[PDB]
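Just the heavy atoms: all of them, side chains too, but no hydrogens, waters or symmetry mates, feed the values below. Numbering starts at 1 and runs along the sequence shown. Ligands are counted one by one from 1 in listed order, and the atoms in each one are counted from 1 as well.
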Amino acid sequence: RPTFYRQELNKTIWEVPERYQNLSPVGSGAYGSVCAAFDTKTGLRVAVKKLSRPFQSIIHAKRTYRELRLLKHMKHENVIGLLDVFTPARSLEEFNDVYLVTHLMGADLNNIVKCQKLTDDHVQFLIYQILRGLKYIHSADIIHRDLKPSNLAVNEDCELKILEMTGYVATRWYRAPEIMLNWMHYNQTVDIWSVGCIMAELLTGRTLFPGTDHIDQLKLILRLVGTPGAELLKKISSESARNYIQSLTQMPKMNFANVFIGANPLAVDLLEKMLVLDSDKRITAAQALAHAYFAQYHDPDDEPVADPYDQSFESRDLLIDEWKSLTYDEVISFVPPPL
Ligand SMILES: CN(C)c1cc(-c2ccncc2)c(-c2ccccc2)nn1
Ligand SMILES: Fc1ccc(-c2n[nH]cc2-c2ccncc2)cc1
Ligand SMILES: [Zn+2]
């Protein structure tokens with residue numbers, strides 16, 4: 001066991017091992033507080049996230065276990081991975097706080113899209129890295145469900161990695177329409193829709209669907225992609241949604257070459273395959289990587305898939321003490337990756 005030292009940053013106390021020095025607050029939120037630090041053992045700049053109230057509720061305890069299980073499993077250049085995980089507690093009885101450590105990423109895609117207008121070559125590299133990480137995530141039968149610019153970390157090298165009422169976001173401009181319709185059988189291609197919205201934002205500099213609420217969000221989406229056709233209509237079970245979409249004003253599918261003027265016709269062709277209403281016909285991450293848009297980056301031998309990921313815990317109804325004990329087991333059993 002290492003030696004821990006204590007200090008108070010902002011209004012939160014931090015008890016981290018001695019190997020992490022020069023702790024500096026970089027961000028905060030519902031998830032928890034993140035501090036930049038220097039790791040003296042490896043010489044790397046790392047990010048240390050202290051989870052907030054990790055076991056205040058069953059929702060918190062299970063989400064703490066889920067995040068730790070996910071981060072321990074992701075080993076991919078374009079997905080955030082665990083360099084270390086620790087707790088200052090010496091036993092299960094005192095187990096109260098959880099700290100996670102990864103490589104320090106300086107900014108996100110929002111701090112880049114607003115500060116500059118990305119060239120087409122930068123859009124290719126950034127979207128390729130997202131899809132390369134999405135193929136890995138999706139190969140483990142994992143759906144991100146919340147892909148957005150603020151969840152995409154980027155450093156100076158333009159290297160990219162994918163990252164109750166608390167943390168409520170009113171409208172998600174990047175959410176697939178099938179989720180906005182509260183469809184329960186949405187698939188992995190909900191993430192591909194978000195990539196299309198992100199890629200459109202990088203090409204134009206504007207939010208593609210900046211809706212004000214869930215109803216306004218659907219109206220903005222339907223104005224571009226058109227109202228559902230007959231094949232899609234046959235798949236809507238909720239009469240409330242089927243009658244709503246039929247009662248609405250019939251909008252035709254717009255010409256994407258007219259919407260995204262001056263853009264690379266290869267990029268427009270990809271956007272047409274990503275921003276498809278019917279999720280059955282949406283391009284997948286693996287298919288998108290082979291698109292001619294990424295001809296200079298695509299390498300079929302260098303786009304790996306993930307090891308099988310056991311999600312059986314997601315259907316379990318355990319107690320807070322059980323999720324807590326399961327999380328403690330994952331903390332101790334953690335082995336770091338080779339330097
Ligand atoms: C919600 N959000 C923006 C983030 C950012 C980061 C982050 C990652 C890398 N560098 C800087 C910040 C983290 C994080 C996750 C695990 C360990 C440490 C930090 N979690 N959430
Ligand atoms: F307006 C829309 C927006 C999205 C969809 C949709 N695309 N893929 C699946 C669905 C869907 C939505 C609701 N219920 C079943 C299926 C259908 C109509
Ligand atoms: Zn909560």
Side-chain angles (χ1 to χ4, degrees), residues 16 20 24-37 44-64 67-68 70-72 74 79-86 98-111 146 148-155 159-168 175-187 189-190 192-193 214-215 217-223 225-229 231-242 244-246 248 251 275-282:
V16 317
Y20 304 117
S24 156
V26 46
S28 194
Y31 57 106
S33 324
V34 186
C35 278
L44 295 168
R45 270 281 272 201
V46 305
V48 186
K49 171 156 81 185
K50 176 182 174 76
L51 297 190
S52 36
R53 320 280 191 220
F55 310 105
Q56 101 169 0
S57 72
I58 277 276
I59 286 327
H60 276 214
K62 185 176 189 175
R63 151 185 100 201
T64 297
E67 177 163 16
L68 185 41
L70 266 178
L71 288 171
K72 284 179 71 182
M74 313 269 93
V79 183
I80 181 187
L82 261 192
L83 287 189
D84 197 7
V85 47
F86 62 86
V98 172
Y99 296 77
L100 313 165
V101 185
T102 191
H103 298 271
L104 179 67
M105 297 298 268
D108 58 54
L109 208 64
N110 245 334
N111 311 139
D146 197 29
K148 53 183 190 221
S150 70
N151 278 346
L152 299 166
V154 163
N155 58 32
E159 258 145 26
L160 182 142
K161 292 193 184 178
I162 304 176
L163 315 165
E164 71 169 298
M165 91 200 285
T166 293
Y168 167 75
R175 196 143 261 202
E178 55 262 35
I179 288 172
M180 305 261 99
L181 271 64
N182 261 247
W183 190 35
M184 199 260 295
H185 306 87
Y186 59 90
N187 49 60
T189 66
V190 299
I192 293 302
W193 177 276
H214 282 218
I215 294 310
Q217 186 75 26
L218 191 55
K219 272 172 202 10
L220 292 193
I221 291 167
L222 294 198
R223 278 183 213 302
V225 302
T227 43
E231 183 178 2
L232 186 49
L233 217 32
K234 300 205 244 137
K235 307 173 179 180
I236 317 301
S237 60
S238 52
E239 294 187 300
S240 324
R242 183 154 182 162
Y244 182 106
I245 221 73
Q246 294 170 298
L248 257 283
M251 296 297 103
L275 300 172
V276 167
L277 255 204
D278 193 348
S279 65
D280 301 344
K281 306 257 179 51
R282 228 173 268 150

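Remark: the backbone N or O of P54 is paired with a side-chain donor or acceptor of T64 at under 3.5 angstrom. Although no hydrogens or angles enter the test, the distance criterion places a donor-acceptor pair under 3.5 Å between the side chain of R242 and the main chain of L233.
Close N/O approach between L277 and ligand 2 is found [any backbone or side-chain N/O within under 3.5 Å]. Checked against a 3.5 angstrom limit, the closest N/O atoms of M105 and ligand 1 fall inside it. Remark: ligand 1 and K49 share an N or O pair separated by less than 3.5 Å (distance only, no angle test). Here's the thing with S279: one of its N/O atoms is less than 3.5 angstrom from an N/O atom of ligand 2.
Near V34, the atoms of ligand 1 lying under 4.0 angstrom from a non-hydrogen atom of the residue are 12 (C), 19 (C).
At a heavy-atom distance under 4.0 Å, only side-chain atoms of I245, from C-beta outward, approach ligand 2. Residue contacts with ligand 2 for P228 involve side-chain atoms from C-beta outward but no N, CA, C or O (heavy atoms, distance under 4.0 Å). Counting heavy atoms under 4.0 Å from ligand 1, residue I80 touches it through the side chain alone.
The closest protein non-hydrogen atom to atom 8 (C) of ligand 1 is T102 CG2, 3.8 Å. What sits closest to atom 17 (C) of ligand 2 on the protein, heavy atoms only, is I236 CD1, 3.5 Å. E178 CB, 3.8 Å is the protein heavy atom nearest to atom 10 (C) of ligand 2. Annotation: atom 5 (C) of ligand 1 to nearest protein heavy atom, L163 CD1, 3.8 Å. Summary of contacts: the protein heavy atom closest to atom 2 (C) of ligand 2 is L181 CD2, 3.6 Å. Of the protein's heavy atoms, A47 O, 3.3 Å lies nearest to atom 18 (C) of ligand 1.
Within the structure, the closest approach of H103 to ligand 1 falls below 4.0 Å when heavy atoms are considered.
Nearby protein atoms of type N, O or S around the Zn ion (ligand 3) amount to 1 (distance under 2.8 Å).
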